[PDB]
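Peer 1: One line per chain: the protein sequences are A and B, in this order.
Using my numbering, the letters of the first sequence correspond one by one to residues 506 to 934.
Using my numbering, the letters of the second sequence correspond one by one to residues 14 to 31.
Here it is, the structure, as structure tokens.
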Amino acid sequence: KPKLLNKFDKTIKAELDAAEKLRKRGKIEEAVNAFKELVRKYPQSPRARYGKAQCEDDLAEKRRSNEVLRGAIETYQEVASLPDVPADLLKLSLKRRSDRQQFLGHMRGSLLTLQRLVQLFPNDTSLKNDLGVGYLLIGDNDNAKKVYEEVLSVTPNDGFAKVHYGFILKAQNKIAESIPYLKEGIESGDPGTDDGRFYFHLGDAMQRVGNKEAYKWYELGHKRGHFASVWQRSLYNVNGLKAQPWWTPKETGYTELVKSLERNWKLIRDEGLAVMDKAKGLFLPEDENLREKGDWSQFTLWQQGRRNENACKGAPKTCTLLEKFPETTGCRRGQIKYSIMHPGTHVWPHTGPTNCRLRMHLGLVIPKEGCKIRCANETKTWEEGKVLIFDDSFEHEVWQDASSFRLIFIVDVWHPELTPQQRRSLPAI
Amino acid sequence: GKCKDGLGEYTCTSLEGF
Ligand SMILES: CC(C)(NC(=O)C(=O)O)C(=O)O
Ligand SMILES: [Br-]
Ligand SMILES: [Mn+2]
């Protein structure tokens with residue numbers, strides 16, 4: 506289909522095609538320098554410059570270097586510098602620039618690439634979609650929302666924009682309003698709408714409102730490969746890790762840790778209690794919108810495997826005791842933290858991001874009654890000085906109906922079946 | 014914004030390269 510040859514590029518179709526062939530047959534190095542020759546002899550040719558860029562890209566794949574890709578990106582901008590660039594070639598060159606700026610993790614820039622793409626092509630709805638995405642990658646949810654509002658303003662049965670509008674509404678606690686957009690987006694079956702996030706959050710929205718075929722949705726997502734199961738709904742997974750809601754210390758082999766937690770638990774408690782009496786600001790409320798009602802706060806010592814030095818000021822002996830167990834301190838997919846929950850609190854059913862971690866709870870201050878946690882179908886109890894364990898990748902729910910506070914200590918560990926390679930490599934969460 | 018106990022953010026990892 507696409508027309509990537511302007512007037513002057515047609516008079517050199519042969520040369521460009523010769524060099525394209527070299528690239529297309531795998532000889533990258535050959536093609537790279539042929540397109541360089543084209544570009545010096547034809548320094549305004551948009552096709553030759555796209556040629557240079559495309560083969561820089563293939564060579565970043567060749568070498569798996571991100572140097573290379575860094576370079577192909579300025580060359581993709583180069584192509585748009587030039588005169589009389591066919592619009593097709595223009596769109597392609599800048600889209601690729603944005604896509605590889607995301608593959609490398611440069612979102613602020615991808616954002617400006619995509620803003621410029623939307624300026625240049627104000628009737629393409631897909632660009633406005635891909636721009637709403639670029640806004641979500643940086644966490645700029647307001648502007649994404651507007652972008653999807655425009656899009657829907659003018660093509661209301663666009664399912665991509667529906668699901669993303671829904672995801673945005675949900676993340677803002679507009680649970681009801683988000684349900685119809687999520688549902689319509691998914692069933693639209695458009696490109697971009699078959700995505701685990703939308704299933705996950707549509708189901709959660711229903712459970713919250715009291716609608717019963719949330720589970721509908723969860724099992725279909727199971728059907729289409731997003732969820733390992735209907736109950737285990739994490740999304741940043743390593744397939745085939747043993748999955749079970751509840752483990753025992755033995756089942757994890759982390760027994761030295763469990764022991765060091767149970768034997769030393771009063772130290773841990775007492776340091777938390779101090780932080781609650783003299784340094785209560787170190788405890789920060791839960792900001793992930795997981796509560797129906799109530800008061801819940803968390804005092805975090807390790808996140809993503811990095812120790813919080815100011816935080817360990819208030820629990821030094823605890824942080825010192827944990828240093829000797831890298832199976833949690835270097836769980837870049839978990840945390841170590843005090844968690845206080847007060848009476849009147851209900852945590853919606855929910856699921857963590859990842860099956861890569863197991864979650865350990867050491868009872869510090871646990872009332873006689875009121876305090877319980879379901880995971881899957883089994884409901885359990887904390888105990889002062891003892892450790893519970895579960896896969897928070899499974900659905901789980903919590904209540905706190907006692908008459909005083911409930912303090913636990915959360916320690917996340919790598920899943921036991923995960924290599925030292927997987928442990929050093931997996932991107933942090 | 015990070016995914017600590019749930020899955021609220023659009024993307025829970027921050028890509029950086031190969
Ligand atoms: C018990 C509860 C809410 N923890 C979780 O749900 C979890 O660790 O995933 C907590 O009070 O901290
Ligand atoms: Br020229
Ligand atoms: Mn939880």
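Here a beta-carbon is modelled for each residue, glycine too, at the ideal position from N, C-alpha and C.
Please identify the residue among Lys829(A), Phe804(A), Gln624(A) whose C-alpha is closest to the C-alpha of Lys818(A).
Peer 2: Among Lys829(A), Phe804(A), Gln624(A), the Cα nearest to that of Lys818(A) belongs to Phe804(A).
Peer 1: So, does the CB of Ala881(A) fall closer than 7 angstroms to a CB anywhere in chain B?
Peer 2: Closer than 7 angstroms: no.
Peer 1: Which residue wins for smallest C-alpha separation from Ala519(A), given the options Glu655(A), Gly531(A), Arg545(A), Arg552(A)?
Peer 2: The candidate whose alpha carbon is nearest that of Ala519(A) is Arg552(A).
Peer 1: What I want to know is whether the C-beta of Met865(A) ends up closer than 6 angstroms to one or more non-hydrogen atoms of ligand 1.
Peer 2: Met865(A) Cβ: outside cutoff for every heavy atom of ligand 1.
Peer 1: In chain B, which residues lie with their C-beta within 9 angstroms of the C-beta of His727(A)?
Peer 2: Neighbours of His727(A) on chain B: none; closest Cβ ~16 angstroms, over 9 angstroms.
Peer 1: Cβ of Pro858(A) less than 7 angstroms from any chain B Cβ?
Peer 2: Closer than 7 angstroms to some Cβ of chain B, the Cβ of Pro858(A) qualifies, so yes.
Peer 1: Quick one: measure Cβ to Cβ for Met846(A) and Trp801(A), integer angstroms, because I've assumed they're closer than 8 angstroms.
Peer 2: The pair is a contact, with the Cβ atoms about 5 angstroms apart (cut-off 8 angstroms).
Peer 1: Would you give the residue range spanned by the beta strand (DSSP E) that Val916(A) belongs to?
Peer 2: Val916(A) -> beta strand (DSSP E) spans 911 to 919.
Peer 1: So with Cβ pairs under 7 angstroms, would you call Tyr741(A) a contact of chain B?
Peer 2: Cβ-Cβ to chain B under 7 angstroms: yes for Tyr741(A).
Peer 1: Taking any Cβ of chain B, which residues in the segment 525 to 550 of chain A have a Cβ under 9 angstroms from it, in chain order?
Peer 2: Cβ contacts with chain B come from no residue of the segment 525 to 550 of chain A.
Peer 1: Please return the same chain residues whose Cβ sits closer than 6 angstroms to the Cβ of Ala710(A), not counting the five positions on each side in sequence.
Peer 2: These residues qualify, in order along the chain: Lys675, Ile680, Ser683, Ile684.
Peer 1: Just the chain B side, please: which residues come within less than 8 angstroms of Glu832(A) by C-beta, in chain order?
Peer 2: Those within 8 angstroms of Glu832(A) in chain B number zero; the least Cβ separation is about 19 angstroms.
Peer 1: Determine, for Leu787(A), whether the minimum Cβ-Cβ distance to residues of chain B falls below 7 angstroms.
Peer 2: It does not; no Cβ of chain B falls within 7 angstroms.
Peer 1: Mind listing the chain B neighbours of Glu756(A)? Cutoff is C-beta to C-beta under 8 angstroms, in chain order.
Peer 2: In chain order: nothing, as chain B lies at least about 22 angstroms away.
Peer 1: Is any non-hydrogen atom of ligand 2 found closer than 6 angstroms to the C-beta of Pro858(A), if you look at the structure I gave you?
Peer 2: Every heavy atom of ligand 2 is 6 angstroms or more from the Cβ of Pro858(A), so no.
Peer 1: Quick one: is the Cβ of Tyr704(A) within less than 6 angstroms of any heavy atom of ligand 4?
Peer 2: Among the ligands present in this structure, namely ligand 1, ligand 2 and ligand 3, ligand 4 is not found.
Peer 1: If you check the beta carbons only, do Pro932(A) and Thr24(B) fall under 7 angstroms apart?
Peer 2: No. Outside cutoff.
Peer 1: Should the segment 895 to 903 of chain A be called in touch with the segment 841 to 855 of chain A, which here means at least 3 C-beta pairs below 8 angstroms?
Peer 2: These segments touch.
Peer 1: Considering only heavy atoms of ligand 2 and the C-beta of each residue, which residues fall inside 5 angstroms, strictly closer?
Peer 2: Chain-ordered list of matching residues: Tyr547(A), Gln549(A).
Peer 1: Closer than 6 angstroms from C-beta to any heavy atom of ligand 3: which residues, in chain order?
Peer 2: This selection yields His855(A), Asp897(A), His901(A), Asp18(B).
Peer 1: Hey, is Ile841(A) close to ligand 1, as in C-beta under 6 angstroms from one of its heavy atoms?
Peer 2: No - ligand 1 has no heavy atom lying nearer than 6 angstroms to the Cβ of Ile841(A).
Peer 1: On the three-state DSSP scale, how would you describe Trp770(A)?
Peer 2: Helix, per DSSP.
Peer 1: Of the choices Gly890(A), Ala733(A), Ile533(A), whose alpha-carbon is the least far from that of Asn744(A)?
Peer 2: The residue with the shortest Cα to Cα distance from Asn744(A) is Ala733(A).
Peer 1: Measuring straight from C-alpha to C-alpha, what distance separates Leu625(A) and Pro507(A)?
Peer 2: Going from the Cα of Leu625(A) to the Cα of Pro507(A) covers about 17 angstroms.
Peer 1: Could you tell me which chain B residues have their CB closer than 7 angstroms to the CB of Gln559(A), listed as they occur along the chain?
Peer 2: In chain order: nothing, as chain B lies at least about 18 angstroms away.
Peer 1: Go to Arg796(A), then tell me how far its beta strand (DSSP E) extends in each direction, as first and last residue.
Peer 2: That run of the beta strand (DSSP E) goes 796 to 798.
Peer 1: Spatial neighbours of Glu654(A) within its chain, please: C-beta separation below 8 angstroms, excluding the five flanking residues on both sides.
Peer 2: Excluding sequence neighbours, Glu654(A) sits near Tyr670.
Peer 1: How many angstroms separate the CA atom of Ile913(A) from the CA atom of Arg879(A)?
Peer 2: Roughly 16 angstroms between the two C-alpha positions.
Peer 1: Indicate whether at least one CB of chain B lies closer than 7 angstroms to the CB of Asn744(A).
Peer 2: Answer no: the Cβ-Cβ gap between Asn744(A) and chain B never drops below 7 angstroms.
Peer 1: Using the C-alpha atoms, what's the distance from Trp736(A) back to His727(A)?
Peer 2: Approximately 10 angstroms between the Cα atoms of the pair.
Peer 1: Considering residue 952(A), what are the terminal residues of the alpha helix (DSSP H) in which it resides?
Peer 2: This structure leaves residue 952(A) out entirely; chain A is present only between 506 and 934.
Peer 1: Answer with buried or exposed for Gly19(B), where buried requires no fewer than 16 other C-beta atoms within 10 angstroms of its C-beta.
Peer 2: It is buried - the Cβ of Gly19(B) has at least 16 other Cβ atoms within 10 Å.
Peer 1: Just to check, is the beta-carbon of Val916(A) closer than 6 angstroms to a non-hydrogen atom of ligand 1?
Peer 2: Outside the cutoff, so no.
Peer 1: Using Cβ-Cβ distances below 8 angstroms, what residues of the segment 594 to 613 of chain A are close to chain B?
Peer 2: Taking 8 angstroms as the Cβ-Cβ cut-off against chain B, the residues of the segment 594 to 613 of chain A that qualify are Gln607, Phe608, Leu609, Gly610.
Peer 1: Using a Cβ cut-off of 7 angstroms, pull out every chain B residue sitting near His855(A), in sequence order please.
Peer 2: Per Cβ cutoff of 7 angstroms: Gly19.
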